[PDB]
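Q: Going down the list, the protein sequences come from chains A, B, C, D, E and F. Residue numbering for the first sequence follows the UniProt record's numbering, starting at 17 and increasing by one per position. Residue numbering for the second sequence follows the UniProt record's numbering, starting at 18 and increasing by one per position. Residue numbering for the third sequence follows the UniProt record's numbering, starting at 10 and increasing by one per position. Residue numbering for the fourth sequence follows the UniProt record's numbering, starting at 2 and increasing by one per position. Residue numbering for the fifth sequence follows the UniProt record's numbering, starting at 2 and increasing by one per position. Residue numbering for the sixth sequence follows the UniProt record's numbering, starting at 1 and increasing by one per position.
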Amino acid sequence: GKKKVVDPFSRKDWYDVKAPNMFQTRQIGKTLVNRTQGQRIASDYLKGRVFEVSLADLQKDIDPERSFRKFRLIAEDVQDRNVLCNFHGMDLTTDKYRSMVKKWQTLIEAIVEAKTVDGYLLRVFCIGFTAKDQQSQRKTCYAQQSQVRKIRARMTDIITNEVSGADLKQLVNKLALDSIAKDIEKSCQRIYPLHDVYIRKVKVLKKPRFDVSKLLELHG
Amino acid sequence: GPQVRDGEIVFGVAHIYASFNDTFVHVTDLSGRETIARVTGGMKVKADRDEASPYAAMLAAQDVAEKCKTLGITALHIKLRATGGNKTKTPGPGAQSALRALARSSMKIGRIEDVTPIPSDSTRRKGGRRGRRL
Amino acid sequence: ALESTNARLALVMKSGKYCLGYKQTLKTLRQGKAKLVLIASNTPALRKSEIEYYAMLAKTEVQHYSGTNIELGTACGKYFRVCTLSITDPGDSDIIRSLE
Amino acid sequence: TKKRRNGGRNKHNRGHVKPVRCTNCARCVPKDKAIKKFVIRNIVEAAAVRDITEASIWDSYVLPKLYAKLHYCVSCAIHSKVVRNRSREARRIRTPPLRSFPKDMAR
Amino acid sequence: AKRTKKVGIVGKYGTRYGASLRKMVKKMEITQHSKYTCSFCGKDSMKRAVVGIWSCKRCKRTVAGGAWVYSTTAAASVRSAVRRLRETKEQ
Amino acid sequence: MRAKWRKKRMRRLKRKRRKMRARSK
RNA sequence: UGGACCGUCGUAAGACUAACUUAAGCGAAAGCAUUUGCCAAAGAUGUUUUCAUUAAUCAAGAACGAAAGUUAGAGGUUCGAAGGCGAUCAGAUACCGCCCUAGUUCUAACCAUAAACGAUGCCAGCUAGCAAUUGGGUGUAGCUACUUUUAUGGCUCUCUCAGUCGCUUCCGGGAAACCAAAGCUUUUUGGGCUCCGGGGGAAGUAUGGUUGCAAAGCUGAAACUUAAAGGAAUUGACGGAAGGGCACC
RNA sequence: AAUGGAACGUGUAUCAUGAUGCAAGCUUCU
């Protein structure tokens with residue numbers, strides 16, 4: 017038989033959430049956490065939580081080339097109105113993917129699972145879109161699929177190298193400039209002319225240890 | 018590695034789930050799970066068919082925005098969510114009206130995201146094959 | 010993968026020369042006539058390692074079979090359950106220097 | 002009589018293609034036989050765009066858009082007037098025709 | 002003579018114990034008493050000694066198996082699954 | 001009355017008839 | 001009854017590959033859309049390889065054979081026959097709304113049937129333009145990708161087979177709708193071969209045989225009934241099928 | 001009948017021989 021006062025809003029504290037270092041704006045917010053009781057661990061009720069904001073907005077690219085690319089954060093550690101927020105994942109907006117994908121083209125999907133230098137084992141989904149040649153009288157441009165298989169073989173070959181090049185930090189940096197997309201592009205076009213390529217989704221789920229010392233490197 | 022200065026523009030996450038038959042504007046912790054003031058369009062109007070209405074949704078968004086603003090969430094990033102699924106997948110009519118009403122309460126906006134989780138492939142949508150006539 | 014040896018063993022049967030079975034294979038291993046020794050995956054643990062060690066001291070190369078006895082024997086085309094082979098002189102082979 | 006040369010829709014050399022469930026009746030129809038129309042809309046819909054841009058911090062923004070490719074049964078489509086009872090002559094006729102451009106996609 | 006087309010082995014049970022039950026028996030009593038390929042001798046000399054135990058007549062390697070079948074359907078899947086998890090933990 | 005439902009009437013009637021014949025066997 | 005519903009996060013379970021995905025492919029056909037590995041198959045192309053008429057098509061017989069239904073497990077998330085519910089409605093037993101069983105799924109067995117449909121047997125030749133479209137090949141002194149340029153690859157461009165179709169015309173057929181096959185079906189004829197129909201109903205029923213665990217399925221009458229029946233196009237009438245107009249009934 | 005806590009050597013991760021926390025100390029077809 018609990019029964020709390022009312023206006024529990026006037027019982028939920030205040031807190032600042034910090035984004036990551038190598039983005040741009042290391043404030044992404046302030047938000048309203050439960051007041052620390054000795055019958056509630058508000059710090060634990062800040063930690064498990066995972067957020068997504070598109071990197072474009074945080075990066076504050078005014079005309080956003082980055083508009084689609086969705087980015088996940090996880091609120092690692094609580095210290096005096098500051099919450100750190102490491103890399104958790106990167107998805108993609110449904111808007112971009114769906115609009116590009118208009119009949120008349122072979123579609124490719126590739127898979128990699130590979131391990132970073134720290135024990136995050138992350139799975140990247142490379143998604144290939146295919147391009148009609150200039151003055152292609154052929155309205156539909158279809159791959160022979162020796163092509164598609166070979167592109168898939170190249171897609172996985174390129175992404176595996178890239179993952180193991182230093183931790184999530186260096187991995188996400190490759191995502192940011194999209195050097196992966198360019199390396200895909202030079203290699204794929206030898207096989208077959210290709211349009212739009214992105215790293216589409218990445219899920220980390222193995223996350224090694226809390227490893228707070230190396231974690232605090234991220235903390236500016 | 019550009020430090021942090023105190024003092025606003027300090028964002029939260031709006032989490033709008035705007036479905037047909039009811040629209041929710043659930044403003045939460047930026048990290049997600051710890052909330053302030055869920056306040057649906059439902060308690061804004063008692064018609065049962067108008068719970069989804071953009072009239073209801075506007076009022077809900079306005080009510081929530083006061084609770085957020087007084088306690089020191091100046092601003093919010095926004096996640097919009099269909100029903101996404103073997104469900105309609107179309108955003109509910111109160112969705113746009115919630116979105117614009119949250120902004121027009123001096124709440125600063127930076128993100129409009131469509132989180133709507135899209136099936137790569139999923140079983141049987143309701144109505145079993147001689148499908149939902151009328 | 011593999012394929013591989015079903016094609017190879019047919020050629021050795023046709024052109025070349027064979028001794029199958031522990032007693033003859035050991036005799037050919039001792040005598041040095043055994044250019045190659047092939048051991049089933051099945052062979053009772055002892056005899057896998059014997060025949061390896063007669064081979065190690067002989068410096069002869071051991072090929073470890075992907076399949077059974079019936080698989081060995083059907084490959085030789087003999088109706089019999091072969092648990093060891095020595096290939097003693099195969100006349101068309103690139104098979105003399107091979108490891109599965 | 003075979004009015005339609007294609008039977009239902011364009012099945013030649015496949016005859017049986019995995020069915021997709023119709024977003025209006027939730028039915029079952031093979032993928033060749035769907036009337037499909039591409040729903041392209043802004044999230045902020047018409048009037049509200051003036052109101053949001055002023056309220057929202059950003060220098061211009063440029064609105065995210067909604068994509069939902071809906072799949073209709075023939076029964077579904079003609080009730081909702083997607084396909085309107087053509088021609089013994091004009092069933093055969095492909096073409097389109099808009100005049101204006103900016104595609105309907107209301108309610 | 003193919004003496005009985007339908008019954009085969011279940012003619013021992015003749016008239017007693019209803020036809021549908023007797024069809025079930027026919028599969029099981031075939032799989033038991035059947036010579037299986039011993040993985041450890043490559044010879045098909047493995048026969049059912051008792052309910053869960055198959056002894057290979059030659060090499061005398063005696064293997065634990067399913068009650069009517071050397072390999073039960075669950076087992077094959079079981080053994081592949083553990084083996085695959087083994088690979089990922091190690092490297 | 002449509003061929004399917006007529007066909008079902010005869011199928012239903014065949015099981016009725018089979019039962020009757022089965023009594024007298 | 002306050003914590004559904006909802007949000008958020010993870011996880012369990014089973015299912016399934018939206019968009020991409022087609023007048024596009026494969027497979028003898030049923031059927032076959034996630035990734036990757038293996039095993040073997042098929043087809044087009046190409047082959048100055050071989051064989052040297054082996055072939056073509058088929059009662060019987062067999063192989064494969066969606067779904068429901070059925071036997072035994074696993075599995076049961078989802079949808080969901082039956083049931084019981086709320087409205088609607090004279091009735092609802094239904095459409096509609098809820099809960100949901102067998103069932104969906106998978107495995108070992110059945111069954112042998114569907115609009116199993118492209119309503120169109122298969123194999124061969126011949127009889128019309130164009131552009132798509134699947135695949136291979138000949139030329140590319142074409143664009144792009146690169147190594148100092150190449151060599152390679154993909155696409156277009158050109159040319160050609162064999163595939164599936166379309167468009168518009170027949171240059172024939174047809175009663176027409178249509179059909180590049182439904183043409184060459186003759187002037188009572190045309191390669192070869194099967195199968196099926198010979199008024200409509202009774203009737204895919206009866207009956208027996210057969211197959212099936214069973215449900216059923218195959219083979220399949222007649223009595224008797226009856227002057228029409230079917231398909232087509234045409235014009236009207238009529239729509240709670242679709243678009244325009246016109247009038248202060 | 002080998003519990004808990006540490007002590008020899010190792011090494012990764014962090015910082016310029018030492019310190020710091022986590023791994024290691026021990027025989028794998030047969």
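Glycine included, each C-beta is placed from N, C-alpha and C at the ideal position.
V179/A and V128/A look like a contact to me (Cβ under 8 Å); what is the Cβ gap, rounded to whole Å?
A: Sure, about 7 Å apart at Cβ, within 8 Å.
Q: To which residues does DSSP link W30/A through a beta bridge?
A: DSSP output for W30/A lists no bridge partner at all.
Q: What span of residues does the alpha helix (DSSP H) with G82/C cover, start to end?
A: First-last of the alpha helix (DSSP H) with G82/C: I79 to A84.
Q: Is the region 212-224 of chain A in contact with the region 66-76 of chain B, if contact means three or more CB pairs nearer than 8 Å?
A: Output reads no: the region 66-76 of chain B does not touch the region 212-224 of chain A.
Q: If we call anything under 8 Å between Cβ atoms a contact, is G49/B one with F67/A?
A: It is a contact, given that the beta carbons lie within the stated cut-off.
Q: Quick one: list the residues of chain E neighbouring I79/C, beta-carbon separation under 9 Å, in chain order.
A: Within chain E, the residues near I79/C are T38, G43, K44 and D45.
Q: Counting C-beta neighbours from all protein chains within 10 Å, is the total for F87/A 16 or more, i.e. buried, or is it exposed?
A: So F87/A ends up on the buried side.
Q: If the cut is a Cβ gap below 8 Å, which residues of chain D does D111/A touch?
A: Within chain D, the residues near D111/A are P65, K66, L67 and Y68.
Q: For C29/D, which of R15/D, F39/D and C77/D has the nearest alpha-carbon?
A: Nearest C-alpha to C29/D: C77/D.
Q: By DSSP, does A147/A sit in helix, in strand, or in coil?
A: Looking at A147/A - three-state DSSP - the assignment turns out to be coil, as it is neither helix nor strand.
Q: For a contact meaning CB atoms closer than 7 Å, what does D52/D contact in chain B?
A: By Cβ distance, chain B contributes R117 and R121.
Q: When burial is assigned at 16 or more other CB atoms within 10 Å of the CB, is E80/C buried or exposed?
A: So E80/C ends up on the buried side.
Q: So the beta strand (DSSP E) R128/B belongs to, where does it begin and stop?
A: Element bounds for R128/B: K125 to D131.
Q: Taking all protein chains shown into account, do 16 or more other C-beta atoms lie within 10 angstroms of the C-beta of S95/C, making it buried, or fewer, making it exposed?
A: The residue is buried, with at least 16 neighbouring Cβ atoms inside 10 Å.
Q: Pick out the complete alpha helix (DSSP H) segments inside the region 47-134 of chain B, 4 residues or longer, and give them in chain order.
A: Within the region 47-134 of chain B, the complete alpha helix (DSSP H) runs of at least 4 residues are 71-88 and 112-120.
Q: Report yes or no: is there a C-beta of chain A within less than 8 Å of the C-beta of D33/D?
A: So, not an interface residue.
Q: Buried or exposed: which applies to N11/D, given that a residue is buried once 16 or more other Cβ atoms fall within 10 Å of its Cβ?
A: Exposed, by the Cβ-count rule.
Q: In the structure shown, what three-state DSSP assignment does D73/A receive?
A: Three-state DSSP puts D73/A in a helix.
Q: Return the chain-ordered list of same chain residues with a C-beta closer than 7 Å to the C-beta of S203/A, the five sequence neighbours on each side being excluded.
A: The answer, listed in chain order, is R170 and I174.
Q: Taking just the CA atoms, how far does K57/C sit from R85/E?
A: Approximately 26 Å between the Cα atoms of the pair.
Q: Would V164/A and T122/A qualify as a contact pair, given that the criterion is a beta-carbon distance under 8 Å?
A: The answer is yes: Cβ separation under 8 Å.
Q: Ordered along the chain, which non-local residues of its own chain (more than five positions away) have a Cβ less than 7 Å from that of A64/C?
A: Correct list, in chain order: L38, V46 and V71.
Q: According to DSSP, simplified to helix, strand and coil, what is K86/A?
A: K86/A: strand per DSSP, three-state reduction.
Q: Whole-angstrom Cβ separation of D80/B and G59/B, contact assumed at under 8 Å?
A: About 12 Å; that fails the 8 Å criterion.
Q: Is the distance from the Cβ of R59/E to the Cβ of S72/E below 8 Å?
A: No, the pair does not count as a contact, with Cβ atoms beyond the cut-off.
Q: Pull up the distance between the alpha-carbon of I126/B and that of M116/A, whole angstroms please.
A: Roughly 27 Å separates the two Cα atoms.
Q: Exposed or buried, which one is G12/E when buried takes at least 16 other CB atoms within 10 Å?
A: Exposed, since its Cβ has fewer than 16 Cβ neighbours within 10 Å.
Q: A27/D to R114/A, Cα distance in whole Å?
A: About 22 Å.
Q: Is the region 54-64 of chain A in contact with the region 94-106 of chain B, if contact means three or more CB pairs nearer than 8 Å?
A: The region 54-64 of chain A, when compared against the region 94-106 of chain B, does not touch it at the 8 Å Cβ threshold.
Q: Does DSSP put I196/A in a helix, in a strand, or in coil?
A: Reduced to three states, the DSSP call for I196/A is helix.
Q: Name the residues in the region 20-47 of chain D whose C-beta lies less than 7 Å from a C-beta of chain B; which are they?
A: The region 20-47 of chain D vs chain B, Cβ under 7 Å: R22, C23, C26, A27, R28, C29, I44, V45 and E46.
Q: For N43/D, report the span of its beta strand (DSSP E) as first-last.
A: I36 to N43 is the extent of the beta strand (DSSP E) around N43/D.
Q: Going by the beta-carbon positions, is the gap between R95/D and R142/B smaller than 8 Å?
A: Contact: no.
Q: Could you tell me which residues DSSP puts in a beta bridge with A35/B?
A: In DSSP, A35/B forms a bridge with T40/B.
Q: So what does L29/C bridge to, in DSSP terms?
A: The partner list for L29/C (beta bridge, DSSP) reads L94/C.
Q: Please list the terminal residues of the continuous alpha helix (DSSP H) segment that includes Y158/A.
A: Element bounds for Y158/A: n/a, residue is neither H nor E.
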